[PDB]
Amino acid sequence: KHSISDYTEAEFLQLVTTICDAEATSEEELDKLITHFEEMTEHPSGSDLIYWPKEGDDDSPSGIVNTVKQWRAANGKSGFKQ
């Protein structure tokens, strides 16, 4: 559970799908999925990507996983397992 490279896309999407469902996490659980998410993604927007998106950014789970997938490949950092 160490870097995004230990995620499959399908897996990391489930992570992002849980994050974006209030109802699905207690707050102490959320705190830690959100910290995780930032750490995996090493995106400089951290949780902004999820809660404070630029207008016309696709802020659905798959859309957050997309912009992540893309930023990372664009920056020659590693991608998912598979």
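A compact table of results
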read-out: Gain on full stretching of the segment that runs from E55 to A22 - 0.36 nm per residue minus C-alpha separation; value: 9.7 nm
read-out: Counting all C-alpha pairs of the chain, share separated by more than 22 Å (%); value: 17
read-out: Projected label distance in nm at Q14 and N66, using a 7 Å step from Cα toward the beta-carbon; value: 2.3
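Computed from the coordinates by the stated procedures, all read-outs in this text should not be read as laboratory data. Backbone-built Cβ (ideal geometry, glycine too); neighbour counts: all protein chains shown.
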